[PDB]
$ cat work-v9.txt   # compact mmCIF, C-alpha atoms
# COMPACT_ATOMS: atom_id res chain seq x y z
CA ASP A 1 37.19 -173.15 45.80
CA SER A 2 36.08 -173.97 42.26
CA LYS A 3 32.52 -174.52 41.04
CA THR A 4 30.33 -177.07 42.83
CA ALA A 5 32.39 -175.85 45.80
CA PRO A 6 35.37 -178.22 46.18
CA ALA A 7 37.15 -178.26 49.56
CA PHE A 8 38.36 -174.75 50.38
CA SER A 9 39.33 -172.96 53.57
CA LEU A 10 40.20 -169.33 52.96
CA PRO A 11 41.16 -166.77 55.64
CA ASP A 12 39.78 -163.32 54.86
CA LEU A 13 41.30 -159.90 55.57
CA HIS A 14 40.28 -160.22 59.23
CA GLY A 15 42.22 -163.45 59.61
CA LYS A 16 39.19 -165.70 60.02
CA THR A 17 38.78 -168.75 57.80
CA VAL A 18 35.70 -169.26 55.64
CA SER A 19 35.06 -172.75 54.28
CA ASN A 20 32.52 -175.08 52.62
CA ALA A 21 30.61 -175.54 55.88
CA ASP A 22 29.75 -171.83 55.87
CA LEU A 23 28.11 -172.00 52.43
CA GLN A 24 25.66 -174.65 53.60
CA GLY A 25 22.43 -172.80 54.28
CA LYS A 26 23.55 -169.37 53.17
CA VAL A 27 23.43 -167.92 49.69
CA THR A 28 26.55 -166.03 48.77
CA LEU A 29 27.58 -163.42 46.24
CA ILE A 30 31.30 -163.62 45.63
CA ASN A 31 32.52 -160.92 43.28
CA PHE A 32 36.05 -160.68 41.98
CA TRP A 33 37.16 -157.07 41.95
CA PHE A 34 39.91 -154.62 42.82
CA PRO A 35 39.92 -151.12 44.44
CA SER A 36 40.58 -149.34 41.12
CA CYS A 37 37.76 -151.28 39.41
CA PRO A 38 35.46 -149.23 37.13
CA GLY A 39 32.64 -151.61 38.05
CA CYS A 40 32.75 -150.32 41.63
CA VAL A 41 30.56 -147.43 40.46
CA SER A 42 27.76 -149.95 39.98
CA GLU A 43 28.78 -152.81 42.29
CA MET A 44 29.89 -150.94 45.41
CA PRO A 45 26.72 -148.95 46.47
CA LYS A 46 24.72 -151.88 45.15
CA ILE A 47 26.58 -154.42 47.29
CA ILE A 48 26.53 -152.15 50.35
CA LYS A 49 22.74 -152.26 50.45
CA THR A 50 22.61 -155.88 49.23
CA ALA A 51 24.91 -157.33 51.90
CA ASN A 52 23.25 -155.13 54.52
CA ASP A 53 19.69 -156.07 53.57
CA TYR A 54 19.97 -159.82 53.08
CA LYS A 55 22.31 -160.05 56.07
CA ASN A 56 19.25 -160.37 58.27
CA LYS A 57 17.78 -162.97 55.95
CA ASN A 58 20.44 -165.63 55.17
CA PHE A 59 22.50 -164.05 52.39
CA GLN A 60 26.13 -162.99 52.50
CA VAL A 61 28.47 -161.20 50.12
CA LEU A 62 32.15 -162.03 49.80
CA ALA A 63 34.24 -159.60 47.80
CA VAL A 64 37.47 -161.11 46.54
CA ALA A 65 40.10 -158.62 45.43
CA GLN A 66 42.92 -160.10 43.37
CA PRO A 67 46.47 -158.63 42.93
CA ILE A 68 45.79 -155.50 40.91
CA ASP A 69 45.86 -152.97 43.71
CA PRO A 70 47.92 -153.57 46.90
CA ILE A 71 46.34 -155.61 49.71
CA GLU A 72 46.29 -152.55 51.96
CA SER A 73 44.58 -150.52 49.26
CA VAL A 74 41.80 -153.10 49.43
CA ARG A 75 41.62 -152.56 53.19
CA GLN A 76 41.52 -148.82 52.53
CA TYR A 77 38.35 -149.34 50.54
CA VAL A 78 36.84 -151.65 53.18
CA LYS A 79 37.77 -149.32 56.07
CA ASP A 80 36.94 -145.96 54.47
CA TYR A 81 33.56 -146.78 52.94
CA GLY A 82 32.55 -149.11 55.76
CA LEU A 83 31.97 -152.28 53.75
CA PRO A 84 29.37 -154.48 55.55
CA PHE A 85 30.56 -157.51 53.61
CA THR A 86 33.62 -159.71 53.98
CA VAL A 87 36.48 -159.00 51.61
CA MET A 88 39.43 -161.25 50.77
CA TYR A 89 42.67 -160.80 48.88
CA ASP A 90 43.34 -163.44 46.23
CA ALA A 91 47.13 -163.14 46.46
CA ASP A 92 47.93 -166.31 44.53
CA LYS A 93 44.76 -165.85 42.45
CA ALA A 94 44.16 -169.60 42.88
CA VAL A 95 40.62 -169.18 44.21
CA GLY A 96 39.72 -166.95 41.28
CA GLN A 97 41.56 -169.33 38.98
CA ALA A 98 39.56 -172.21 40.46
CA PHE A 99 36.27 -170.56 39.50
CA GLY A 100 37.79 -169.83 36.11
CA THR A 101 36.79 -166.21 35.71
CA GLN A 102 39.86 -164.28 34.47
CA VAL A 103 37.63 -161.40 33.38
CA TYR A 104 36.74 -158.77 35.98
CA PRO A 105 34.65 -157.57 37.52
CA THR A 106 32.50 -160.64 38.03
CA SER A 107 29.81 -161.52 40.56
CA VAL A 108 29.33 -165.22 41.28
CA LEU A 109 26.11 -166.49 42.85
CA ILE A 110 26.48 -169.45 45.18
CA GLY A 111 23.43 -171.57 45.95
CA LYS A 112 22.47 -172.89 49.37
CA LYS A 113 23.65 -176.38 48.45
CA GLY A 114 27.13 -175.39 47.29
CA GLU A 115 26.56 -175.77 43.56
CA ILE A 116 28.06 -172.42 42.54
CA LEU A 117 25.30 -171.25 40.23
CA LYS A 118 25.47 -168.01 38.28
CA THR A 119 28.29 -165.91 36.87
CA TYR A 120 27.65 -162.23 36.15
CA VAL A 121 30.45 -160.49 34.27
CA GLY A 122 30.90 -156.75 33.91
CA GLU A 123 27.58 -155.13 34.75
CA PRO A 124 25.30 -157.31 36.91
CA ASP A 125 21.72 -156.57 35.80
CA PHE A 126 20.19 -155.48 39.09
CA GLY A 127 16.61 -156.34 38.18
CA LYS A 128 17.27 -159.95 37.25
CA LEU A 129 20.02 -160.23 39.86
CA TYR A 130 17.62 -159.46 42.71
CA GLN A 131 14.94 -161.69 41.20
CA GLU A 132 17.53 -164.43 40.74
CA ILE A 133 18.68 -164.01 44.35
CA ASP A 134 14.99 -164.27 45.23
CA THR A 135 14.93 -167.36 43.03
CA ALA A 136 17.72 -168.65 45.27
CA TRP A 137 15.21 -168.34 48.11
CA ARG A 138 12.44 -169.95 46.07
CA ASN A 139 14.73 -172.82 45.07
CA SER A 140 14.01 -174.80 48.22
CA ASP A 141 16.39 -177.76 48.01
CA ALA A 142 18.24 -177.49 44.70
CA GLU A 143 17.86 -181.25 44.16
CA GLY A 144 18.26 -183.43 47.21
CA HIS A 145 17.30 -186.56 45.29
CA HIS A 146 13.74 -185.79 46.38
CA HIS A 147 14.64 -187.01 49.88
CA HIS A 148 16.66 -184.35 51.69
CA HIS A 149 19.03 -185.96 54.16
CA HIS A 150 21.96 -183.63 53.56
$ encode --input "work-v9.txt" --output "structure tokens"
Amino acid sequence: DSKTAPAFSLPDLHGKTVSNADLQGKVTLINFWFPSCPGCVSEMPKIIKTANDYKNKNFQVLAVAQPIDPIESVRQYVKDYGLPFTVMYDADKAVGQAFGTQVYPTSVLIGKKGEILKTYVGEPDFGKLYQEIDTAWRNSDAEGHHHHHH
């Protein structure tokens, strides 16, 4: 739930539970947002293509909407604009509180090991974001003690 991915099992808006085991092998962009977020102008079309493109690679995007707009209003966004990425509703805000963000919007980059790497706040620089996501590819192990057995 927090950074370095402590034990978490969170059911998304579809009712299915995502957990630590799912992060192992996939790189994940978890952004904390809300339907009425000004950052959606940048993030939304950006994330549509991002989650669609890297879907067939090994990358996944998880959009976490916290209690600013109603939970259904979040679903309105996901249903209407056909969001190809999984969205959650941080009702208790504990998952967002675990990461320690508080300021929104914010895109968090999760490595393939579970380290929880990068935190973009406000406007995520697309150029360095894509190159950094590519760096997430390039980063083969992310330190396995030079003898990967996990």
$ residues_around --input "work-v9.txt" --residues "residue 24 of chain A" --least-positions-apart "5" --cutoff "10 Å" --atoms "all atoms listed in the file" --output "VMD selection string"
chain A and resid 19 110 to 114 150
$ residues_around --input "work-v9.txt" --residues "residue 6 of chain A" --least-positions-apart "4" --cutoff "8 Å" --atoms "only C-alpha atoms" --output "mmCIF file with C-alpha atoms, in the coordinates of the input"
data_model
loop_
_atom_site.group_PDB
_atom_site.id
_atom_site.type_symbol
_atom_site.label_atom_id
_atom_site.label_comp_id
_atom_site.auth_asym_id
_atom_site.auth_seq_id
_atom_site.Cartn_x
_atom_site.Cartn_y
_atom_site.Cartn_z
ATOM 1 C CA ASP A 1 37.190 -173.150 45.800
ATOM 2 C CA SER A 2 36.080 -173.970 42.260
ATOM 3 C CA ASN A 20 32.520 -175.080 52.620
#
$ closest_residue --input "work-v9.txt" --among "A:22, A:27, A:104, A:17" --to "residue 140 of chain A" --atoms "all atoms listed in the file"
A:27
$ closest_residue --input "work-v9.txt" --among "A:52, A:139, A:76, A:107" --to "residue 124 of chain A" --atoms "only C-alpha atoms"
A:107
$ residues_near_point --input "work-v9.txt" --point "(42.1, -166.9, 45.5)" --cutoff "12 Å" --atoms "all atoms listed in the file" --output "PyMOL selection string"
chain A and resi 1-2+8-12+30-33+62-67+87-102
$ closest_residue --input "work-v9.txt" --among "A:84, A:105, A:39, A:25" --to "residue 58 of chain A" --atoms "only C-alpha atoms"
A:25
$ atom_distance --input "work-v9.txt" --atom1 "atom CA of residue 83 of chain A" --atom2 "atom CA of residue 48 of chain A"
6.4 Å
$ atom_distance --input "work-v9.txt" --atom1 "atom CA of residue 136 of chain A" --atom2 "atom CA of residue 148 of chain A"
17.0 Å
$ closest_residue --input "work-v9.txt" --among "A:129, A:74, A:117, A:37" --to "residue 3 of chain A" --atoms "all atoms listed in the file"
A:117
$ closest_residue --input "work-v9.txt" --among "A:5, A:47, A:109, A:16" --to "residue 28 of chain A" --atoms "all atoms listed in the file"
A:109
$ atom_distance --input "work-v9.txt" --atom1 "atom CA of residue 116 of chain A" --atom2 "atom CA of residue 49 of chain A"
22.3 Å
$ axis_aligned_box --input "work-v9.txt" --around "segment 5-13 of chain A" --padding-each-side "6 Å" --output "lines of an AutoDock Vina configuration file"
center_x = 36.8
center_y = -169.1
center_z = 50.7
size_x = 20.9
size_y = 30.4
size_z = 21.8
$ closest_residue --input "work-v9.txt" --among "A:60, A:106, A:4, A:50" --to "residue 26 of chain A" --atoms "only C-alpha atoms"
A:60
$ decode --input "work-v9.txt" --residues "segment 9-26 of chain A" --atoms "N, CA and C atoms" --output "PDB file, in the first residue's frame"
ATOM      1  N   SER A   9      -4.113  -5.466  -0.377  1.00  0.00           N
ATOM      2  CA  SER A   9      -5.046  -6.159  -1.249  1.00  0.00           C
ATOM      3  C   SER A   9      -6.274  -5.279  -1.443  1.00  0.00           C
ATOM      4  N   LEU A  10      -6.331  -4.589  -2.571  1.00  0.00           N
ATOM      5  CA  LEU A  10      -7.363  -3.585  -2.795  1.00  0.00           C
ATOM      6  C   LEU A  10      -8.289  -3.984  -3.937  1.00  0.00           C
ATOM      7  N   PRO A  11      -9.589  -4.123  -3.649  1.00  0.00           N
ATOM      8  CA  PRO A  11     -10.603  -4.336  -4.678  1.00  0.00           C
ATOM      9  C   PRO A  11     -10.898  -3.047  -5.441  1.00  0.00           C
ATOM     10  N   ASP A  12     -10.866  -3.124  -6.762  1.00  0.00           N
ATOM     11  CA  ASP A  12     -11.134  -1.959  -7.593  1.00  0.00           C
ATOM     12  C   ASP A  12     -12.628  -1.803  -7.849  1.00  0.00           C
ATOM     13  N   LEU A  13     -12.976  -0.872  -8.732  1.00  0.00           N
ATOM     14  CA  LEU A  13     -14.376  -0.539  -8.997  1.00  0.00           C
ATOM     15  C   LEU A  13     -15.135  -1.683  -9.672  1.00  0.00           C
ATOM     16  N   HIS A  14     -14.425  -2.721 -10.098  1.00  0.00           N
ATOM     17  CA  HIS A  14     -15.076  -3.872 -10.707  1.00  0.00           C
ATOM     18  C   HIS A  14     -15.293  -4.970  -9.668  1.00  0.00           C
ATOM     19  N   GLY A  15     -14.702  -4.791  -8.496  1.00  0.00           N
ATOM     20  CA  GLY A  15     -14.893  -5.740  -7.418  1.00  0.00           C
ATOM     21  C   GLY A  15     -13.794  -6.781  -7.341  1.00  0.00           C
ATOM     22  N   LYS A  16     -12.793  -6.670  -8.205  1.00  0.00           N
ATOM     23  CA  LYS A  16     -11.686  -7.616  -8.182  1.00  0.00           C
ATOM     24  C   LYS A  16     -10.533  -7.037  -7.375  1.00  0.00           C
ATOM     25  N   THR A  17      -9.827  -7.897  -6.666  1.00  0.00           N
ATOM     26  CA  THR A  17      -8.782  -7.458  -5.759  1.00  0.00           C
ATOM     27  C   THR A  17      -7.406  -7.476  -6.423  1.00  0.00           C
ATOM     28  N   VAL A  18      -6.722  -6.338  -6.382  1.00  0.00           N
ATOM     29  CA  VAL A  18      -5.337  -6.258  -6.826  1.00  0.00           C
ATOM     30  C   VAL A  18      -4.416  -6.237  -5.609  1.00  0.00           C
ATOM     31  N   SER A  19      -3.287  -6.916  -5.705  1.00  0.00           N
ATOM     32  CA  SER A  19      -2.406  -7.073  -4.559  1.00  0.00           C
ATOM     33  C   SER A  19      -0.936  -7.086  -4.996  1.00  0.00           C
ATOM     34  N   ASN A  20      -0.041  -7.265  -4.024  1.00  0.00           N
ATOM     35  CA  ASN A  20       1.408  -7.218  -4.246  1.00  0.00           C
ATOM     36  C   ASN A  20       1.846  -8.171  -5.351  1.00  0.00           C
ATOM     37  N   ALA A  21       1.233  -9.349  -5.386  1.00  0.00           N
ATOM     38  CA  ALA A  21       1.593 -10.383  -6.352  1.00  0.00           C
ATOM     39  C   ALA A  21       1.433  -9.896  -7.790  1.00  0.00           C
ATOM     40  N   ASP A  22       0.527  -8.951  -7.994  1.00  0.00           N
ATOM     41  CA  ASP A  22       0.228  -8.451  -9.331  1.00  0.00           C
ATOM     42  C   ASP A  22       1.294  -7.462  -9.803  1.00  0.00           C
ATOM     43  N   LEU A  23       1.988  -6.839  -8.860  1.00  0.00           N
ATOM     44  CA  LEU A  23       3.007  -5.851  -9.199  1.00  0.00           C
ATOM     45  C   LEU A  23       4.296  -6.528  -9.644  1.00  0.00           C
ATOM     46  N   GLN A  24       4.465  -7.783  -9.253  1.00  0.00           N
ATOM     47  CA  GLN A  24       5.680  -8.513  -9.557  1.00  0.00           C
ATOM     48  C   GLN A  24       5.737  -8.871 -11.039  1.00  0.00           C
ATOM     49  N   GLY A  25       6.544  -8.132 -11.785  1.00  0.00           N
ATOM     50  CA  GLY A  25       6.713  -8.408 -13.199  1.00  0.00           C
ATOM     51  C   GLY A  25       6.131  -7.316 -14.073  1.00  0.00           C
ATOM     52  N   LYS A  26       5.147  -6.604 -13.547  1.00  0.00           N
ATOM     53  CA  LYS A  26       4.542  -5.505 -14.277  1.00  0.00           C
ATOM     54  C   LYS A  26       5.008  -4.178 -13.713  1.00  0.00           C
TER      55      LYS A  26
END
